[PDB]
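A.B. asks: Provided below: entry_33.txt, containing compact mmCIF, C-alpha atoms and all ligand atoms.
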# COMPACT_ATOMS: atom_id res chain seq x y z
CA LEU A 1 4.02 36.55 2.21
CA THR A 2 0.23 35.89 2.42
CA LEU A 3 -1.09 32.44 3.40
CA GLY A 4 -4.67 31.31 2.67
CA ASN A 5 -6.29 27.94 3.34
CA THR A 6 -6.11 26.32 -0.15
CA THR A 7 -4.15 23.25 -1.36
CA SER A 8 -4.16 22.23 -5.00
CA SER A 9 -3.14 18.92 -6.45
CA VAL A 10 -2.09 17.85 -9.98
CA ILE A 11 -2.46 14.18 -10.94
CA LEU A 12 0.64 12.91 -12.77
CA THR A 13 0.94 10.17 -15.41
CA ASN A 14 3.80 7.71 -15.05
CA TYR A 15 5.40 6.85 -18.35
CA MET A 16 7.83 3.88 -18.01
CA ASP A 17 9.21 5.12 -14.57
CA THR A 18 11.20 7.81 -16.47
CA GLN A 19 8.66 10.57 -17.26
CA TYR A 20 6.04 11.94 -14.83
CA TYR A 21 3.71 14.52 -16.29
CA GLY A 22 0.51 16.40 -15.47
CA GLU A 23 -1.78 18.77 -17.37
CA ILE A 24 -1.92 22.53 -17.51
CA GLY A 25 -4.18 24.82 -19.62
CA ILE A 26 -2.79 27.93 -21.38
CA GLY A 27 -5.01 30.69 -22.82
CA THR A 28 -8.72 31.53 -23.37
CA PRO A 29 -10.17 29.06 -24.26
CA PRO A 30 -7.47 26.78 -22.62
CA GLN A 31 -5.08 24.83 -24.86
CA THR A 32 -3.90 21.85 -22.78
CA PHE A 33 -0.32 20.57 -22.55
CA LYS A 34 1.28 17.55 -20.86
CA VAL A 35 4.08 19.01 -18.67
CA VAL A 36 6.94 17.83 -16.42
CA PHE A 37 7.11 19.74 -13.09
CA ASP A 38 10.89 20.27 -12.75
CA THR A 39 12.60 21.44 -9.48
CA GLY A 40 15.94 21.60 -11.35
CA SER A 41 14.77 24.57 -13.54
CA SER A 42 12.64 27.75 -13.23
CA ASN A 43 11.13 28.45 -16.68
CA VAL A 44 7.70 27.47 -18.09
CA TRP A 45 7.77 26.50 -21.78
CA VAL A 46 5.56 24.65 -24.31
CA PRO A 47 6.13 24.06 -28.11
CA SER A 48 4.93 27.05 -30.24
CA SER A 49 2.64 27.03 -33.33
CA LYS A 50 5.52 29.15 -34.79
CA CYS A 51 7.78 26.06 -34.60
CA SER A 52 8.77 24.92 -38.13
CA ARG A 53 7.35 21.47 -39.03
CA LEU A 54 10.91 20.55 -40.23
CA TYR A 55 11.46 19.97 -36.38
CA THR A 56 9.83 16.50 -36.19
CA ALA A 57 9.37 16.99 -32.36
CA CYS A 58 6.94 19.84 -33.16
CA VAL A 59 4.95 17.57 -35.51
CA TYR A 60 4.64 15.10 -32.53
CA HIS A 61 3.62 17.50 -29.71
CA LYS A 62 0.82 19.90 -28.89
CA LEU A 63 1.64 23.48 -30.07
CA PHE A 64 0.57 26.73 -28.45
CA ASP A 65 -1.27 29.06 -30.86
CA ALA A 66 -1.40 32.67 -29.51
CA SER A 67 -3.84 33.59 -32.42
CA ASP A 68 -6.46 31.40 -30.60
CA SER A 69 -6.06 32.94 -27.17
CA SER A 70 -8.05 36.06 -26.25
CA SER A 71 -5.93 36.53 -23.04
CA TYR A 72 -2.50 36.38 -24.75
CA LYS A 73 -0.11 39.32 -24.16
CA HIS A 74 2.83 39.64 -26.57
CA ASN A 75 6.44 39.90 -25.38
CA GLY A 76 8.82 38.46 -27.98
CA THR A 77 12.07 38.51 -25.91
CA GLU A 78 14.29 35.64 -27.16
CA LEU A 79 15.48 32.90 -24.83
CA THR A 80 17.52 29.75 -24.78
CA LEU A 81 17.10 27.00 -22.14
CA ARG A 82 19.82 24.45 -21.61
CA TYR A 83 19.13 21.05 -20.12
CA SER A 84 21.12 17.91 -19.67
CA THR A 85 19.79 15.94 -22.69
CA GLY A 86 19.50 18.86 -25.07
CA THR A 87 18.48 22.50 -25.60
CA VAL A 88 15.41 24.52 -26.62
CA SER A 89 14.94 28.03 -27.96
CA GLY A 90 12.09 30.39 -28.61
CA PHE A 91 10.63 33.61 -27.26
CA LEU A 92 8.62 34.86 -24.29
CA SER A 93 4.81 35.23 -24.17
CA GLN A 94 2.28 35.86 -21.41
CA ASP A 95 -1.15 34.27 -20.94
CA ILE A 96 -3.38 32.74 -18.24
CA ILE A 97 -2.21 29.31 -17.00
CA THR A 98 -4.45 26.84 -15.12
CA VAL A 99 -2.62 24.37 -12.84
CA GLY A 100 -4.82 22.12 -10.66
CA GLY A 101 -7.66 24.56 -10.22
CA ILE A 102 -5.34 27.56 -9.65
CA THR A 103 -5.48 30.30 -12.35
CA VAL A 104 -2.34 32.45 -12.73
CA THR A 105 -1.09 35.09 -15.26
CA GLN A 106 2.26 33.59 -16.31
CA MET A 107 5.11 34.56 -18.56
CA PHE A 108 6.36 31.43 -20.41
CA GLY A 109 8.51 30.57 -23.41
CA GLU A 110 7.06 29.65 -26.80
CA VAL A 111 9.58 27.07 -28.18
CA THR A 112 10.37 27.35 -31.93
CA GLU A 113 13.48 25.08 -31.95
CA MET A 114 13.00 21.69 -30.28
CA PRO A 115 15.55 18.96 -31.37
CA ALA A 116 14.25 15.45 -32.25
CA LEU A 117 16.80 14.12 -29.72
CA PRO A 118 15.60 14.11 -26.94
CA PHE A 119 12.14 15.63 -27.64
CA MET A 120 10.88 12.76 -29.91
CA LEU A 121 11.33 10.51 -26.79
CA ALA A 122 9.27 12.84 -24.60
CA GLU A 123 5.67 11.88 -23.87
CA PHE A 124 5.16 15.43 -22.38
CA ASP A 125 4.95 18.65 -24.49
CA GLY A 126 6.62 21.16 -22.20
CA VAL A 127 8.07 21.99 -18.78
CA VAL A 128 6.96 23.85 -15.63
CA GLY A 129 10.01 24.99 -13.65
CA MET A 130 9.55 24.57 -9.86
CA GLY A 131 12.96 26.14 -9.03
CA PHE A 132 13.86 29.67 -7.87
CA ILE A 133 14.01 33.00 -9.81
CA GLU A 134 17.87 32.89 -9.38
CA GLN A 135 17.89 29.99 -11.94
CA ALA A 136 15.24 31.55 -14.26
CA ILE A 137 16.47 32.53 -17.77
CA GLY A 138 15.52 36.12 -18.57
CA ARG A 139 14.69 36.64 -14.83
CA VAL A 140 11.05 35.60 -15.51
CA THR A 141 9.01 35.15 -12.29
CA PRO A 142 8.53 31.34 -11.79
CA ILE A 143 4.93 29.99 -11.64
CA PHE A 144 5.17 29.03 -7.91
CA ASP A 145 6.23 32.62 -6.98
CA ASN A 146 3.20 33.88 -8.94
CA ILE A 147 0.92 31.32 -7.15
CA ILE A 148 2.50 32.32 -3.75
CA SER A 149 1.66 36.03 -4.60
CA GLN A 150 -2.10 35.17 -4.81
CA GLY A 151 -2.20 34.42 -1.04
CA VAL A 152 -4.45 31.34 -1.55
CA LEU A 153 -2.05 28.52 -0.44
CA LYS A 154 -2.18 27.14 3.15
CA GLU A 155 1.65 26.82 3.29
CA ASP A 156 4.59 28.05 1.15
CA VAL A 157 5.42 24.43 0.20
CA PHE A 158 4.84 21.91 -2.60
CA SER A 159 5.13 18.09 -2.55
CA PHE A 160 6.00 15.28 -4.95
CA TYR A 161 4.74 11.73 -5.08
CA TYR A 162 6.06 9.48 -7.93
CA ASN A 163 4.49 5.99 -8.01
CA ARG A 164 6.05 2.74 -9.42
CA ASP A 165 4.89 1.86 -13.01
CA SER A 166 1.60 -0.16 -13.18
CA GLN A 170 -4.57 1.44 -13.59
CA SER A 171 -3.26 3.27 -10.47
CA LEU A 172 -2.19 6.91 -9.84
CA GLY A 173 1.05 7.79 -11.74
CA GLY A 174 2.03 10.47 -9.23
CA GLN A 175 0.84 13.64 -7.52
CA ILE A 176 2.01 17.20 -6.91
CA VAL A 177 0.42 19.07 -3.99
CA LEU A 178 0.70 22.86 -4.06
CA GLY A 179 0.31 24.37 -0.58
CA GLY A 180 1.06 21.19 1.43
CA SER A 181 1.62 17.37 1.38
CA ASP A 182 -0.67 14.35 1.11
CA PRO A 183 -0.49 12.02 4.18
CA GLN A 184 -2.08 9.23 2.03
CA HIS A 185 1.24 8.97 0.08
CA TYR A 186 3.88 8.93 2.93
CA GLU A 187 4.65 7.11 6.19
CA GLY A 188 6.41 8.05 9.43
CA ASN A 189 7.87 11.50 9.82
CA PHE A 190 9.44 13.99 7.53
CA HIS A 191 13.16 14.57 8.08
CA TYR A 192 14.23 17.99 6.71
CA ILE A 193 17.59 19.03 5.21
CA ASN A 194 18.31 22.76 4.95
CA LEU A 195 19.35 24.16 1.56
CA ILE A 196 23.05 25.10 1.19
CA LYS A 197 21.73 28.50 -0.12
CA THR A 198 18.44 29.90 -1.46
CA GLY A 199 18.05 29.92 -5.27
CA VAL A 200 18.65 26.16 -5.90
CA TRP A 201 16.93 22.95 -4.52
CA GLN A 202 20.39 21.67 -3.50
CA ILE A 203 21.43 20.13 -0.17
CA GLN A 204 24.66 18.75 1.34
CA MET A 205 25.33 14.99 1.04
CA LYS A 206 27.70 13.45 3.68
CA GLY A 207 28.48 10.14 1.86
CA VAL A 208 27.38 7.39 -0.57
CA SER A 209 27.73 3.76 0.51
CA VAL A 210 27.69 0.61 -1.70
CA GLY A 211 27.04 -2.22 0.74
CA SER A 212 28.16 -1.41 4.33
CA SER A 213 31.30 0.64 3.40
CA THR A 214 31.07 4.46 2.73
CA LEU A 215 32.68 4.05 -0.69
CA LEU A 216 31.97 7.55 -2.10
CA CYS A 217 31.37 11.25 -1.18
CA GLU A 218 33.62 10.64 1.93
CA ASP A 219 34.67 14.30 2.40
CA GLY A 220 31.11 15.53 1.60
CA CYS A 221 29.43 16.55 -1.70
CA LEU A 222 26.35 18.21 -3.32
CA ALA A 223 22.86 16.78 -3.98
CA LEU A 224 20.42 18.53 -6.37
CA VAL A 225 16.84 17.26 -5.63
CA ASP A 226 15.59 17.15 -9.25
CA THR A 227 11.98 16.08 -10.03
CA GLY A 228 12.86 16.70 -13.71
CA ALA A 229 15.62 14.05 -13.73
CA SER A 230 14.59 10.44 -14.39
CA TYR A 231 17.56 8.94 -12.58
CA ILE A 232 19.97 9.33 -9.69
CA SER A 233 23.16 10.85 -11.15
CA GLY A 234 26.71 11.68 -10.08
CA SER A 235 29.92 12.84 -11.88
CA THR A 236 31.48 10.53 -14.55
CA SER A 237 34.19 9.82 -11.93
CA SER A 238 31.78 8.96 -9.02
CA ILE A 239 29.64 6.76 -11.33
CA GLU A 240 32.72 4.90 -12.67
CA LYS A 241 33.71 3.98 -9.04
CA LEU A 242 30.06 3.15 -8.11
CA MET A 243 29.55 0.96 -11.17
CA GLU A 244 32.86 -0.91 -10.64
CA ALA A 245 31.62 -1.74 -7.09
CA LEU A 246 28.29 -3.08 -8.57
CA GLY A 247 29.84 -5.21 -11.35
CA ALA A 248 28.03 -3.10 -13.96
CA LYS A 249 29.43 -2.60 -17.49
CA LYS A 250 29.22 0.76 -19.41
CA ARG A 251 27.21 1.14 -22.62
CA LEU A 252 26.96 4.39 -24.70
CA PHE A 253 23.99 5.90 -22.75
CA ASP A 254 23.66 3.66 -19.66
CA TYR A 255 25.27 1.01 -17.42
CA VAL A 256 23.95 -2.58 -17.43
CA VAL A 257 24.17 -5.86 -15.49
CA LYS A 258 23.12 -9.29 -16.63
CA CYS A 259 19.37 -9.54 -15.71
CA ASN A 260 19.98 -12.69 -13.53
CA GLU A 261 22.55 -10.74 -11.39
CA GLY A 262 20.05 -7.85 -10.68
CA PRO A 263 18.45 -9.12 -7.39
CA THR A 264 21.93 -9.84 -5.85
CA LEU A 265 23.24 -6.25 -6.20
CA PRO A 266 23.98 -4.41 -2.89
CA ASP A 267 21.96 -1.62 -1.29
CA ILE A 268 23.00 1.96 -2.11
CA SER A 269 22.78 4.52 0.71
CA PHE A 270 22.75 8.29 0.65
CA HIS A 271 23.66 10.14 3.80
CA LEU A 272 21.51 13.33 3.90
CA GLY A 273 21.02 15.31 7.12
CA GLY A 274 20.46 12.97 10.06
CA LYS A 275 19.52 9.87 8.01
CA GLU A 276 20.71 7.17 5.62
CA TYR A 277 18.36 6.98 2.60
CA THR A 278 18.76 3.44 1.31
CA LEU A 279 17.79 1.94 -2.06
CA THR A 280 17.79 -1.83 -2.63
CA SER A 281 18.44 -3.28 -6.13
CA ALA A 282 14.61 -3.41 -6.64
CA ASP A 283 14.64 0.44 -6.38
CA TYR A 284 17.48 1.00 -8.91
CA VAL A 285 17.42 -1.92 -11.44
CA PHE A 286 14.94 -1.94 -14.39
CA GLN A 287 14.27 -5.68 -13.90
CA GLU A 288 12.65 -6.44 -17.35
CA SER A 289 13.65 -10.17 -17.01
CA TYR A 290 15.61 -12.59 -14.79
CA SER A 291 17.54 -13.98 -17.80
CA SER A 292 21.30 -14.74 -17.74
CA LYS A 293 21.06 -14.14 -21.56
CA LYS A 294 19.74 -10.52 -21.27
CA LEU A 295 21.00 -7.15 -20.06
CA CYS A 296 19.14 -4.99 -17.51
CA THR A 297 19.62 -1.21 -17.24
CA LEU A 298 20.10 0.69 -13.95
CA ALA A 299 18.26 3.85 -12.90
CA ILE A 300 21.68 5.53 -12.02
CA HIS A 301 23.58 7.45 -14.77
CA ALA A 302 26.77 9.58 -15.17
CA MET A 303 25.95 13.26 -15.52
CA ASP A 304 28.49 16.08 -15.38
CA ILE A 305 26.36 19.02 -14.31
CA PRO A 306 28.22 22.25 -15.10
CA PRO A 307 29.04 25.07 -12.64
CA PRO A 308 27.76 27.02 -10.68
CA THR A 309 25.21 24.21 -9.87
CA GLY A 310 27.67 21.39 -10.58
CA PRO A 311 29.71 19.27 -10.03
CA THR A 312 26.81 17.66 -8.11
CA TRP A 313 24.81 14.50 -7.63
CA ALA A 314 21.16 14.66 -8.76
CA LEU A 315 18.41 12.81 -6.84
CA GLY A 316 15.73 12.28 -9.48
CA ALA A 317 12.69 9.97 -9.99
CA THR A 318 14.70 6.83 -8.84
CA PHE A 319 15.05 8.53 -5.37
CA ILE A 320 11.59 10.23 -5.21
CA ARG A 321 9.77 6.90 -5.87
CA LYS A 322 11.17 5.59 -2.53
CA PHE A 323 11.01 8.99 -0.73
CA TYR A 324 7.98 11.32 -0.82
CA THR A 325 9.49 14.83 -1.14
CA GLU A 326 8.33 18.20 0.33
CA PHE A 327 9.96 21.39 -1.06
CA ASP A 328 9.69 24.10 1.62
CA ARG A 329 9.99 27.67 0.26
CA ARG A 330 9.21 29.36 3.65
CA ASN A 331 12.15 27.62 5.44
CA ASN A 332 14.57 26.89 2.49
CA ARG A 333 14.58 23.15 3.12
CA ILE A 334 13.55 19.74 1.70
CA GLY A 335 11.68 17.07 3.67
CA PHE A 336 11.80 13.33 2.94
CA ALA A 337 9.47 10.59 4.19
CA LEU A 338 9.03 6.97 3.17
CA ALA A 339 6.56 6.92 0.23
CA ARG A 340 3.26 4.87 0.45
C1 LIG A 401 24.30 20.35 -19.66
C2 LIG A 401 23.41 20.45 -18.42
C3 LIG A 401 22.57 21.57 -18.24
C4 LIG A 401 21.75 21.65 -17.09
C5 LIG A 401 21.77 20.59 -16.15
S1 LIG A 401 20.84 20.60 -14.64
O1 LIG A 401 21.07 19.33 -13.94
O2 LIG A 401 21.14 21.85 -13.94
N1 LIG A 401 19.31 20.70 -15.22
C6 LIG A 401 18.33 19.62 -15.09
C7 LIG A 401 16.95 20.21 -14.70
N2 LIG A 401 15.97 19.11 -14.65
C8 LIG A 401 15.79 18.39 -15.94
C9 LIG A 401 17.14 17.74 -16.39
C10 LIG A 401 16.93 17.00 -17.70
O3 LIG A 401 17.45 17.43 -18.72
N3 LIG A 401 16.15 15.88 -17.68
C11 LIG A 401 15.82 15.09 -18.87
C12 LIG A 401 14.33 15.31 -19.25
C13 LIG A 401 13.87 16.77 -19.17
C14 LIG A 401 12.97 17.15 -18.15
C15 LIG A 401 12.59 18.49 -17.99
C16 LIG A 401 13.16 19.45 -18.84
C17 LIG A 401 14.05 19.09 -19.88
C18 LIG A 401 14.43 17.75 -20.03
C19 LIG A 401 13.80 14.52 -20.46
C20 LIG A 401 13.83 15.08 -21.76
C21 LIG A 401 13.34 14.36 -22.87
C22 LIG A 401 12.84 13.05 -22.69
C23 LIG A 401 12.80 12.49 -21.40
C24 LIG A 401 13.28 13.22 -20.29
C25 LIG A 401 18.25 18.83 -16.42
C26 LIG A 401 22.66 19.53 -16.27
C27 LIG A 401 23.48 19.48 -17.40
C1 LIG A 402 8.72 41.32 -21.64
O1 LIG A 402 8.41 41.15 -20.24
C2 LIG A 402 9.32 41.77 -19.31
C3 LIG A 402 8.77 41.47 -17.93
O2 LIG A 402 9.23 42.36 -16.91
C4 LIG A 402 9.44 43.26 -19.62
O3 LIG A 402 10.41 43.88 -18.77
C5 LIG A 402 9.81 43.47 -21.09
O4 LIG A 402 9.91 44.86 -21.38
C6 LIG A 402 8.76 42.81 -21.98
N1 LIG A 402 9.01 43.10 -23.39
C7 LIG A 402 8.06 43.52 -24.25
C8 LIG A 402 8.53 43.85 -25.64
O5 LIG A 402 6.87 43.62 -23.93
Since I need it in another form, could you write the structure as structure tokens?
C.D. replies:
Amino acid sequence: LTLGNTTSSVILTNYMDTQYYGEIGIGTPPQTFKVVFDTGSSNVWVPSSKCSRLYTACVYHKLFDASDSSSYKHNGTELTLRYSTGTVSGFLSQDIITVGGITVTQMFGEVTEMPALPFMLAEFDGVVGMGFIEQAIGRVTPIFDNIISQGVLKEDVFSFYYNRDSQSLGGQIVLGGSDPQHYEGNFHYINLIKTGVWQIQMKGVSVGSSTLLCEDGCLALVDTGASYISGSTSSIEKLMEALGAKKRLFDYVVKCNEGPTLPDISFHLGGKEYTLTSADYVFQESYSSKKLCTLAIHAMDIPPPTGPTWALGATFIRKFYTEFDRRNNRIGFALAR
């Protein structure tokens, strides 16, 4: 490993507190795409010009055209990428990628099959996987590994800041460090259970004062790509019963008026209790006894080897500025500013 003295930041756009995306440029001249920087995955992908316009999602997103890039290198290896909400398929291509002033030769997937659900709901075009090569489909080197190889970065770390929805900054990713302007106090690190996944041990989940869940220990995937905090269908049923929340098809709700009275939810990670108040987990659109308010906590049965696991997504990261440490295989949390 080579360490330089550079840090690079990417400004993120906050869409509705659920999608946080920045810009990247692919090719010569650059074709720009809005992308989600996802710690839960390791592949880079954008929609392809080769995507049939019978996929409505491709009609609604920016497409990569290799015929317009002078730096494009053909590959063609097929690939399928599975996510929680849906799936995408295409083929591999290589070209130059610009990410916050860093220029890297990157192998990425050109998506030719992108389902309307969920991709018609996405404000972003593609994805930039911030995970490890162990999770990469087709064993493609992830973009951070390629940026590490350049020996420009001050430290072998990257940081996430996700702001609350407002003409302010939507969020920020720092490559090579952290930004002290966005956190308070000190970072408290949790070592990874194993290299290859941004997953840590969780010692318990408490609703109110009582350690209601994850009593004998459980897993926590720190996922920048997930909008919500998620647990198993079982865990979430217990949690929701404790909150007085009723299950809908895609979410759990409470009557808007009962939102500010909901108890604090605590997550025991390392040597600290990471607490969320109802203001941190309820989408408080109104205060009406005649309306229903959604929660930023969802059931999600993540399959093995990764799952069963809880996922600490945007709901968590908004409260806690997150540092992902590749040199020491750990994750640091600090109160976000
Ligand atoms: C069935 C399944 C496969 C994989 C996972 S995982 O937890 O291992 N993978 C997560 C990686 N991070 C993104 C998660 C996700 O699907 N988030 C929804 C989101 C999105 C973000 C990045 C990449 C794909 C999907 C999203 C999609 C469309 C609109 C709004 C948000 C899945 C769980 C369950
Ligand atoms: C695609 O890229 C991988 C990268 O190592 C390489 O092994 C493979 O042979 C490439 N395929 C083609 C057809 O260029």
A.B. asks: Nearest residue to residue 281 in chain A out of A:211, A:323, A:17, A:204, using only C-alpha atoms?
C.D. replies: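 Looking only at the distances to residue 281 in chain A, the closest residue turns out to be A:211.
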A.B. asks: Check which residues fall inside 6 Å of ligand LIG 401 (chain A) when counting only C-alpha atoms and all ligand atoms, and print them as JSON, numbers by chain.
C.D. replies: {"A": [36, 38, 40, 41, 82, 83, 84, 85, 118, 119, 121, 122, 127, 226, 228, 229, 305, 306]}
A.B. asks: Using all atoms listed in the file, which of A:192, A:160, A:91, A:124 sits nearest residue 322 in chain A?
C.D. replies: A:160
A.B. asks: Got a sec: who's within 10 Å of range 274-276 of chain A, counting only C-alpha atoms, leaving out chain neighbours fewer than 4 positions off, as a list in words?
C.D. replies: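 Close residues of range 274-276 of chain A: residues 191, 192, 193, 206, 207, 208, 209, 268, 269, 270 and 336 of chain A.
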A.B. asks: Got a sec: who's within 10 Å of residue 264 in chain A, counting all atoms listed in the file, leaving out chain neighbours fewer than 3 positions off, as an mmCIF file with C-alpha atoms, in the coordinates of the input?
C.D. replies:
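Result saved to out_32.cif:
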data_model
loop_
_atom_site.group_PDB
_atom_site.id
_atom_site.type_symbol
_atom_site.label_atom_id
_atom_site.label_comp_id
_atom_site.auth_asym_id
_atom_site.auth_seq_id
_atom_site.Cartn_x
_atom_site.Cartn_y
_atom_site.Cartn_z
ATOM 1 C CA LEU A 246 28.290 -3.080 -8.570
ATOM 2 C CA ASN A 260 19.980 -12.690 -13.530
ATOM 3 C CA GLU A 261 22.550 -10.740 -11.390
ATOM 4 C CA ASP A 267 21.960 -1.620 -1.290
ATOM 5 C CA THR A 280 17.790 -1.830 -2.630
ATOM 6 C CA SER A 281 18.440 -3.280 -6.130
ATOM 7 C CA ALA A 282 14.610 -3.410 -6.640
#
A.B. asks: Taking all atoms of ligand LIG 402 (chain A) that appear in the file, build a box with edges along x, y and z, extend it by 8 Å on every side, and state its centre and edge lengths in Å to one decimal, as JSON.
C.D. replies:
{"center_x": 8.6, "center_y": 43.0, "center_z": -21.3, "size_x": 19.5, "size_y": 19.7, "size_z": 24.7}
A.B. asks: Could you report the residues within 9 Å of ligand LIG 402 (chain A), using all atoms listed in the file, as a list in words?
C.D. replies: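 The residues near ligand LIG 402 (chain A) are residues 73, 74, 75, 76, 77, 92, 93, 94, 107, 138, 139, 140 and 141 of chain A.
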A.B. asks: Mind pulling up the distance from CA of residue 53 in chain A to CA of residue 19 in chain A?
C.D. replies: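 Pair CA of residue 19 in chain A / CA of residue 53 in chain A returns 24.4 Å.
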A.B. asks: Of the candidates A:220, A:173, A:131, A:310, which shows the shortest atom-to-atom distance to residue 12 in chain A, using only C-alpha atoms?
C.D. replies: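 Nearest to residue 12 in chain A: A:173.
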A.B. asks: Identify, on the basis of only C-alpha atoms, every residue whose closest approach to residue 136 in chain A does not exceed 12 Å; exclude the query and any residue fewer than 5 positions from it along the same chain; express the result as a list in words.
C.D. replies: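 Those residues are residues 39, 40, 41, 42, 43, 44, 45, 79, 80, 81, 82, 107, 108, 109, 128, 129, 130, 131, 141, 142, 143, 145, 199 and 200 of chain A.
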A.B. asks: Using only C-alpha atoms, can you tell me which of A:13, A:87, A:31, A:212 comes closest to residue 48 in chain A?
C.D. replies: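 Counting only C-alpha atoms, the residue closest to residue 48 in chain A is A:31.
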A.B. asks: Which residue gives the smallest distance to residue 66 in chain A among A:302, A:46, A:320, A:203, with all atoms listed in the file counted?
C.D. replies: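 When distances to residue 66 in chain A are compared using all atoms listed in the file, the smallest one comes from A:46.
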A.B. asks: In Å, how far is it from CA of residue 340 in chain A to CA of residue 189 in chain A?
C.D. replies: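 Distance reported for this atom pair: 12.4 Å.
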A.B. asks: Working from the structure I just supplied, which lacks atoms in range 146-158 of chain A, can you model N, CA and C atoms there and output them as a CSV table (one decimal), in the frame of the given file?
C.D. replies:
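To be explicit, this is the file written out as rebuild.csv:
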chain,number,residue,atom,x,y,z
A,146,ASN,N,4.5,33.3,-8.5
A,146,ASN,CA,3.2,33.9,-8.9
A,146,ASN,C,2.0,33.3,-8.2
A,147,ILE,N,2.0,32.0,-8.0
A,147,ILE,CA,0.9,31.3,-7.2
A,147,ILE,C,1.0,31.7,-5.7
A,148,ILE,N,2.3,31.8,-5.1
A,148,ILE,CA,2.5,32.3,-3.8
A,148,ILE,C,1.9,33.7,-3.6
A,149,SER,N,2.2,34.6,-4.6
A,149,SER,CA,1.7,36.0,-4.6
A,149,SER,C,0.1,36.2,-4.4
A,150,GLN,N,-0.6,35.2,-4.9
A,150,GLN,CA,-2.1,35.2,-4.8
A,150,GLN,C,-2.7,35.0,-3.4
A,151,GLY,N,-1.8,34.6,-2.4
A,151,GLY,CA,-2.2,34.4,-1.0
A,151,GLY,C,-3.3,33.4,-0.8
A,152,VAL,N,-3.4,32.4,-1.6
A,152,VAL,CA,-4.4,31.3,-1.6
A,152,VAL,C,-4.0,30.1,-0.8
A,153,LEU,N,-2.7,29.7,-1.0
A,153,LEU,CA,-2.0,28.5,-0.4
A,153,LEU,C,-2.0,28.5,1.1
A,154,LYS,N,-2.2,27.3,1.7
A,154,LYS,CA,-2.2,27.1,3.2
A,154,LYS,C,-0.7,27.3,3.7
A,155,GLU,N,0.2,26.7,3.0
A,155,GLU,CA,1.6,26.8,3.3
A,155,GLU,C,2.5,27.1,2.0
A,156,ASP,N,3.7,27.7,2.2
A,156,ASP,CA,4.6,28.0,1.2
A,156,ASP,C,5.5,26.8,0.8
A,157,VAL,N,4.8,25.7,0.5
A,157,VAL,CA,5.4,24.4,0.2
A,157,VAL,C,4.7,23.8,-1.0
A,158,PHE,N,5.4,22.8,-1.6
A,158,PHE,CA,4.8,21.9,-2.6
A,158,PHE,C,5.5,20.5,-2.4
